[PDB]
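Participant: Here come the first chain(s), positioned as in the complex:
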Amino acid sequence: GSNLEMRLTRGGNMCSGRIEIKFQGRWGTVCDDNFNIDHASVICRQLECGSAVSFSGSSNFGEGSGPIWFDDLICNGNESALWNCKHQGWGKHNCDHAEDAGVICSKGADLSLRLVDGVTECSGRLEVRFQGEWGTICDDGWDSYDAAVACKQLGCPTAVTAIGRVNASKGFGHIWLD
Amino acid sequence: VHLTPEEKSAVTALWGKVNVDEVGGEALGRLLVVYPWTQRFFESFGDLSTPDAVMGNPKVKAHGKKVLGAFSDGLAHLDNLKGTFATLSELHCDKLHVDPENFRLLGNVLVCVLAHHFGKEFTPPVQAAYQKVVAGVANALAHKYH
Amino acid sequence: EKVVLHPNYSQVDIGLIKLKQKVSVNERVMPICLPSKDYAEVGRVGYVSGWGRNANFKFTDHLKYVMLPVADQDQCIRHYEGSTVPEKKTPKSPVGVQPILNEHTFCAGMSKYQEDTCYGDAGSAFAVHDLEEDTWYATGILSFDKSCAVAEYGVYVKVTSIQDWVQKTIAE
């Protein structure tokens, strides 16, 4: 089916948002049931944006409108487009409009990490550049294991990893991760 | 009659320290943002949508002076409270139609405002006397209603 | 003299009371009869009078009223029962008590100034003003009044759904 079209809505960028598929001239959404990273990778590949950073359910991007096309679909991740891989039924759904699904690709995020306002180059407040904007990470759930992963990612040695910012001030802007 | 002489001394004492100019605006501003159904009666005072506008509005601050002074006037003599507030109660019952509960709510907010401005000096026995004073004033301004 | 309940008291919380003798219709006593059509359309602002608890939870000594607008009956169910799909419904009422929701109910949200109905207001009438006929019609009867200011929707039993049953009981 080459007539159908895929689009992402309410994501803040062309490569992120809630899935919107047009069929018979009507725009619809995919239910959150049985949504995996394989589904996200297939959608990101169809848009040709890039790899799939994550997937979001329960209509976090927004309460969608219109009908629901695909429900309980299973996609192995190899299929180029969602509409080609196997689904239980066409136009059939046990869901409502609080289960609309959405994906976030990797082209627009650029997903970098950095430290700001610390004593040295790799000890201080941690910031994340998501969608071209630099935000921070909440302290809840921040363990020494998370510090070790970040320290390796940036480049400084993982001999001693400690949580908490030093000498830095209260951050600014969004709080992306938590 | 209503209050013991030791209770009366503390209530009159704290009322000396108060800043009438700012306390009245504080309590009125808090009631208009905590219970946001009283903004209907104060539509003559301009913009009241946001809390900073409510605090920064000159009209509510001026109206706070009137509210505070009437409270001090009521404290002059307790048994006269029926006659002291009879003139004002008619205005709040026939023209504005202010429900008696809002008198009880404003008095309760006043206790919180006084506690915020004073601190540890708001001894629990002191606030007990103040609540008895507030309950009488709310009843006195509502006893006109029939 | 008599207290008649609904045949299905687990689906429509409605009960009729018969007085011993008729009450004189003064300027402070007047019946309000049932509508011929449905006024429970989203946007129909109606007046609700209450005898229940106020902001201090003490029963009001004076009759009060507030205009409440009818709300879409999808976001009301999703706010209470989790979803419109029976299989995925889970109790998530922010007050801890599940309202009785079915096709014989409509939900009215808060007013402009964030006013709602707390306990003790059940049985009240969601009266709407028919400006064309200048007559007050009862469109709903308050059933779930425990929302107060925590929840966002109060559940009212539609008068039209019980209009047929009410007439039968009155005849007897």
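Facilitator: Here it is on my side, so go on. Residues are numbered from 1 along each chain as shown, chains lettered A, B, ... in the order given.

Participant: residues from chain A in reach of chain C?
Facilitator: Applying C-beta under 8 Å from any C-beta of the partner chain, one finds that chain A approaches chain C through A:94, A:95, A:96, A:98, A:99. Placement of C-beta: from N, CA and C, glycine included.

Participant: Please, where are all the helices along the chain?
Facilitator: Just going to use chain A. A:37-47, A:144-154 (DSSP state H).

Participant: hmm, I had chain C in mind actually
Facilitator: Ranges of helices in chain C, per DSSP H, are C:75-81, C:163-171.

Participant: Could I get the contacting residues of residue B:35?
Facilitator: When contacts are counted by C-beta atoms under 8 Å, 6 or more residues apart in numbering or on different chains, residue B:35 touches B:102, B:105, C:55.

Participant: give me the number of residues near the first one?
Facilitator: This points to residue B:102. For residue B:102, the count of nearby residues is 20 (other C-beta atoms under 10 Å in any protein chain shown).

Participant: likewise the last one?
Facilitator: When neighbours are defined as other C-beta under 10 Å, residue C:55 has 18 of them.

Participant: Would you confirm that it contacts residue B:102?
Facilitator: No - in this structure, residue C:55 is not within contact of residue B:102 by C-beta atoms under 8 Å, at 9.0 Å.

Participant: what about the helix or strand hosting residue B:125, near chain C?
Facilitator: Assessed by DSSP states H and E, residue B:125 sits inside helix B:124-142. No - Helix B:124-142 lies apart from chain C when judged by C-beta under 8 Å from any C-beta; the minimum separation is 8.8 Å.

Participant: So which elements touch that helix?
Facilitator: Here helix B:124-142 touches helix B:5-17, helix B:58-74, helix B:81-84, helix B:86-90, helix B:100-118, going by 3 or more C-beta pairs under 8 Å, 6 or more residues apart in numbering or on different chains; DSSP states H and E.

Participant: Go through it and flag the buried ones.
Facilitator: With burial defined by 16 or more other C-beta atoms under 10 Å in any protein chain shown, the residues of helix B:124-142 counted as buried are B:126, B:127, B:129, B:130, B:133, B:134, B:136, B:137, B:138, B:140, B:141, B:142.

Participant: next one: stretch C:36-48
Facilitator: Buried, per 16+ other C-beta under 10 Å, within stretch C:36-48: C:39, C:40, C:44, C:46, C:48.

Participant: what's the answer for stretch B:36-44, then?
Facilitator: Of the residues in stretch B:36-44, B:36, B:37, B:38, B:39, B:42 count as buried by neighbour count, 16+ other C-beta under 10 Å.

Participant: what's the closest of the residues you listed to residue C:12?
Facilitator: Distance to residue C:12 across the buried residues of stretch B:36-44 (C-beta to C-beta) is lowest for residue B:37, with 31.9 Å.

Participant: wait, the closest one sits on residue C:114?
Facilitator: Yes - in this structure, residue B:37 is within contact of residue C:114 by C-beta under 8 Å, at 7.0 Å.

Participant: any chance of the helices and strands packed on helix B:124-142 in TSV, plus distance to residue B:51?
Facilitator: Below are the helices and strands packed on helix B:124-142 laid out as TSV (distance: least, C-beta to C-beta, whole Å):
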stretch	distance to residue B:51
helix B:5-17	26
helix B:58-74	12
helix B:81-84	33
helix B:86-90	28
helix B:100-118	14
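
Participant: ok, now chain D:
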Amino acid sequence: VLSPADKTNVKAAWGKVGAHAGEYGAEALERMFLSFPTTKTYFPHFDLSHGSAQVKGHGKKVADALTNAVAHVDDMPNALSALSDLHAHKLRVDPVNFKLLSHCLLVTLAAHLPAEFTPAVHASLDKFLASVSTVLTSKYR
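Facilitator: This next block brings in chain D, placed alongside the chains you saw above:
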């Protein structure tokens, strides 16, 4: 009707309370007892003397429950399910007393912590306490 901006203030304000929550709950309990004498009828055997250990012990458990509710702000009825049944089905505590405790608790927080009680926080913390009282009293009969 706690908006997402309203819950952020509640968590932050309760966080600034810190370990003094148990003492704040105890002071509010004592403050309400002497200010509203009719409330003592609901505590038949408790010693109502000022500075009593039971009052201090009760204040700690009350503040413990509230601190648990803040961590479970999104789902309050389940976090307060056991307390709702005990307060309404066993002791039949009248809902009017809850608005007395909430006011006294707010006064204690305002007096002891005046700097952080901006009017924005005052409304947010008031709406949080109103949500707790409704949950506990929602099955009174």
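
Participant: Take the buried residues of helix B:124-142 again, chain D included.
Facilitator: The neighbour-count check on helix B:124-142 (16+ other C-beta under 10 Å) flags B:124, B:126-134, B:136-138, B:140-142 as buried.

Participant: Distance from that helix to the middle of the chain?
Facilitator: 10 Å (C-alpha atoms, centre = their mean, to the nearest Å).

Participant: Check the gap between the residue in chain A sticking out farthest from the centre and residue A:153 for me.
Facilitator: For chain A, the C-alpha farthest from the mean C-alpha position belongs to residue A:119; by C-alpha atoms, centre = their mean, that distance is 32.5 Å. From residue A:119 across to residue A:153, the span is 20 Å (C-beta to C-beta, to the nearest Å).

Participant: And residue B:140, by the same measure?
Facilitator: Applying C-beta to C-beta, the value for residue B:140 to residue A:153 is 70 Å.

Participant: just residue B:146 next, same as before
Facilitator: To residue A:153, residue B:146 is 75 Å away according to C-beta to C-beta.

Participant: more neighbours, the two?
Facilitator: residue A:153 (10 against 5).

Participant: Leaving out the residues flanking it, which one is nearest to that one?
Facilitator: Of all residues not flanking residue A:153 in the chain, residue A:113 sits nearest, at 6.0 Å (C-beta to C-beta, 6 or more residues apart in numbering or on different chains).

Participant: and the residue in chain A that chain C sits nearest to, how many neighbours?
Facilitator: Closest contact between chain A and chain C, by C-beta to the nearest C-beta, is at residue A:96 (4.9 Å). Using other C-beta under 10 Å, residue A:96 has 19 other residues around it.

Participant: check contacts around it.
Facilitator: If a contact means C-beta under 8 Å, 6+ apart, then residue A:96 has C:78, C:83, C:84, C:85, C:88 as its contacts.

Participant: Quickly find the element holding residue D:67.
Facilitator: With DSSP H and E as criterion, residue D:67 is part of helix D:53-71.

Participant: Give the buried residues for that helix.
Facilitator: The neighbour-count criterion (16+ other C-beta under 10 Å) identifies D:55, D:56, D:58, D:59, D:62, D:63, D:65, D:66, D:69, D:70 as the buried residues of helix D:53-71.

Participant: Can you name every helix or strand that that helix contacts?
Facilitator: Judged by 3+ C-beta pairs under 8 Å, 6+ apart, helix D:53-71 is in contact with helix D:4-17, helix D:21-35, helix D:76-79, helix D:119-137.

Participant: Just give me how far the following helix or strand past the third one sits from the chain centre.
Facilitator: Per DSSP H and E, the first helix or strand lying C-terminal to helix D:76-79 is helix D:81-85. A distance of 14 Å separates the centroid of the chain from that of helix D:81-85, by C-alpha atoms, centre = their mean.

Participant: Show me the residue at the heart of chain D, geometrically.
Facilitator: The centroid of chain D falls nearest to residue D:102 when counting by C-alpha atoms, centre = their mean (5.5 Å).

Participant: Regarding that residue, what is its secondary structure?
Facilitator: helix (DSSP: H, G, I helix; E, B strand; the rest coil).

Participant: can you count the residues close to the residue nearest to it when sequence neighbours are not counted?
Facilitator: Distances taken as C-beta to C-beta, 6+ apart put residue D:129 closest to residue D:102, at 4.2 Å, once the chain neighbours are dropped. Residue D:129 has 20 neighbouring residues, counting by other C-beta under 10 Å.
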